[PDB]
Structure formats: structure tokens, C-alpha cells
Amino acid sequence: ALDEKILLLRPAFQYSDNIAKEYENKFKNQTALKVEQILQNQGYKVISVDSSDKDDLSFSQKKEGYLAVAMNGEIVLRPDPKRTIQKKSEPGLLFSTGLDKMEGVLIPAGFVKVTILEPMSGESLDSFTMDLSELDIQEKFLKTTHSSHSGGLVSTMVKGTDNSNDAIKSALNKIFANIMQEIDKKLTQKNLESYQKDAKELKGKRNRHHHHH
């Protein structure tokens, strides 16, 4: 079929501080692998590059490579500040829960940009940015601080809990799904092969640019 190589760069993602390192790493790794799957499904051989910066490509890689795909992003999950309810234990209301609870919703923010480049010149052949704020993600969470006028309460009646990490997981799942969906839209053998002319031209301009002076 196609003897053409695509250089897949490592995703460069920054996140908000509330997202665990484990979650960040799994996100990065699965992003890279799913993009790999997409490109292989469209008929290209994929070379995984041990970097995310196009300049750290070896000349070998720039040579064998038809195109390079670069991802970068800021993935933020923060509460919608309007929807944080802080209902506290009313002392003696016939039923007194000695736990103070908070209730909120996490919304997405930031961006993920995918860029198709010509390896030799490093010039951008195309790019699409997905705005994460545009996703309608509202993941409810509740955490329970141990309240102030409950010191006498014994261990059993004050078991705090927090489900933030589950909401973070759910939000990252949807984000990942919607993102891979867009990427699958864009990285079609038809879209990628439509760059072949400019890619040849740019390689040429930069391949001859090395051999003059």
C-alpha cells in the first residue's frame, strides 16, 4: 500500500494542579497510542519519536518521514464557582449529621492543538485546535470537611469522604473521547495525502538549502 512514514511526536500536555500525576501520565500514553492506532488504520507506518519538539528530530527521521504530527495542550479542570453549595450541619435539627459537606461541579478548560508539519522544514502544513471549554461537561463532586462543633463526636459518626478523583476521572474520560473523535475526523488518509505536494516542495526548498552554502 503506502510506503510513507509519519513521525508521531510525544504529546506535550500541561494540566491543572488537581489532576494526579498518574492521571496525567495515563492520559499522555493513551493519547499517543490511540493516535498511533488511527494513523496505522489510515495506512501509514508510524515512527514514535522520543521527544515532543520537532527540532529534536534526527536527520534520519526528517528523511524517512513524510509528515510529523504534533500535539500540545493545557487540560484544566476547575469548579464552576456558581454551583458550589456549602451546607453545614445545623446543630440539633432532630437529625444532626456531624459532617459539613461541600457540593460542586467540575468544568473543562484549556485547549488541545494538533499540528501537521513537514519534518525537514518544520513548516506547519495544517493544524486544528479543540477548545476544551466548549465541551459541556458538568461532573458533580462532594467532599466533607469534618465540622467545627463536632469534636465530641466519636470516630464512627464522622467518616469524611471525598469523591473528587472520581469526578476527575469521569471528566478526563469524556475529554479523551471527544478529543480522539475529532482527531479521527481530521487524520484521514485523504486529508494527509492532500499535503503531499506542499510537503515535497518544502522538503525540496530545505533539502537544496543545505547543499548550496
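Numbering starts at 1 and follows the sequence shown.
Regarding 148-156 and 183-191, which shows the higher C-alpha temperature factor on average in the entry? So the stretch with the higher mean C-alpha B-factor is 148-156.
Would 61-69 or 42-50 have the larger average of its C-alpha temperature factors, as given in the entry? Mean B over CA atoms: larger for 42-50.
If you compare 89, 129, 84, 133, which has the highest Cα B-factor in the entry? Reading the PDB entry, the winner on C-alpha B-factor is 89.
Of 96, 138, 121, 115, which one's C-alpha B factor is largest in the deposited record? Of the options given, 96 has the highest CA B-factor in the PDB entry.
Where does residue 8 sit by CA temperature factor within its chain: lowest, middle or highest third? Lowest third.
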